[PDB]
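[1] below is the sequence, then the experimental coordinates.
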Amino acid sequence: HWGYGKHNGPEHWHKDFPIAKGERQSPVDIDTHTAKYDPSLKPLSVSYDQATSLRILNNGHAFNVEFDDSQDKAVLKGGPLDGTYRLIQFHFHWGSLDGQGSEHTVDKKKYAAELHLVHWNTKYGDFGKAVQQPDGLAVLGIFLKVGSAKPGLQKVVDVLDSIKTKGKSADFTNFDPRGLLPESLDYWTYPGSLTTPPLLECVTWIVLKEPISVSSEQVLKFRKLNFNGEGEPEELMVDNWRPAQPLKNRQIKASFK
Ligand SMILES: [Zn+2]
């Protein structure tokens with residue numbers, strides 16, 4: 001019964017998921033002075049023009065915007081990756097206040113939120129098989145700061161009322177995830193894990209340097225979601241982020257100087 005409260009939050013997760021204290025856990029602090037530029041990293045290739053969104057779901061921990069991943073329609077390639085990784089869903093982590101909410105931090109700076117575009121390695125055939133492999137997933141992480149509105153996020157904001165509580169879903173077709181990207185694709189990369197149980201160590205992380213800006217009103221609407229199901233005492237869906245984990249024997253690489 002893991003979650004983000006005092007009694008079931010990230011300091012507890014190790015009791016059901018011992019990998020929580022593992023060698024390549026996520027998120028991490030990105031120390032920008034110690035990350036090394038790696039001139040051998042290729043530019044990233046984000047091919048989302050044929051992306052087919054289907055549905056949006058409140059899963060009790062976050063909301064997921066789900067995609068049709070039965071063919072190579074929206075893929076991530078290049079960068080640190082070998083092969084082709086298919087988009088399956090995106091979600092966010094965010095805070096109760098603008099001073100916190102992101103999972104990765106940059107020189108200990110916390111952003112208001114963090115977007116995760118989750119992709120799986122097509123060499124493993126499906127998502128469930130991919131998460132059992134050390135190179136099974138590529139997660140594109142994008143920070144959110146509060147400032148100007150993000151026009152391409154507003155369709156997401158406007159559907160959240162219809163999925164307020166755990167287990168609720170809604171049709172969510174024709175959403176274009178290109179409208180969530182910053183201008184630059186400069187990134188940091190490192191090997192890590194899912195940041196929620198089961199905390200599997202199967203992720204190549206690709207964290208963009210450039211945040212996107214969202215409005216105060218936009219993030220206030222994320223904070224009206226609920227962790228509870230319908231007809232349960234209201235617990236607002238806020239601070240659904242895991243804090244930074246020990247880097248251990250890992251090097252964070254930069255794509256840029
Ligand atoms: Zn996430």
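    Happy to help now that I have it. Residues are numbered from 1 along each chain as shown.

[2] how near is residue 215 to residue 46?
    Counting by C-beta to C-beta, to the nearest Å, the separation of residue 215 from residue 46 is 24 Å. Heads up, the C-betas are built off the backbone N, CA and C, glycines and all.

[3] neighbour count for these two, which is higher?
    For residue 215 and residue 46, the more surrounded residue by other C-beta atoms under 10 Å is residue 46, and the numbers stand at 21 against 16.

[4] list the contacts for the more buried one?
    Shown in contact with residue 46 (C-beta atoms under 8 Å, 6 or more residues apart in numbering): 76, 140, 178, 181, 185.

[5] out of those, which are inside strands?
    By the criterion of DSSP state E, membership of these in strands covers 76, 140.

[6] so what's residue 82 closest to, chain neighbours aside?
    Take residue 82 and drop its neighbours on the chain: the residue closest to it by C-beta to C-beta, 6 or more residues apart in numbering is residue 135, 7.3 Å away.

[7] torsion angles phi and psi at the one you found?
    Per-residue torsions, residue 135: phi -120, psi 30 (degrees, to the nearest 10).

[8] what segments of the stretch 51-200 of the chain are strands?
    53-58, 63-67, 75-78, 85-94, 105-106, 113-121, 137-146, 169-171, 187-192 (DSSP state E, counting those that start in this stretch).

[9] so can I have CSV of the ones you listed showing distance to residue 219?
    Converted to CSV, the strands of the stretch 51-200 of the chain look like this (distance: least, C-beta to C-beta, whole Å):
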stretch, distance to residue 219
strand 53-58, 17
strand 63-67, 13
strand 75-78, 25
strand 85-94, 6
strand 105-106, 18
strand 113-121, 6
strand 137-146, 6
strand 169-171, 20
strand 187-192, 23
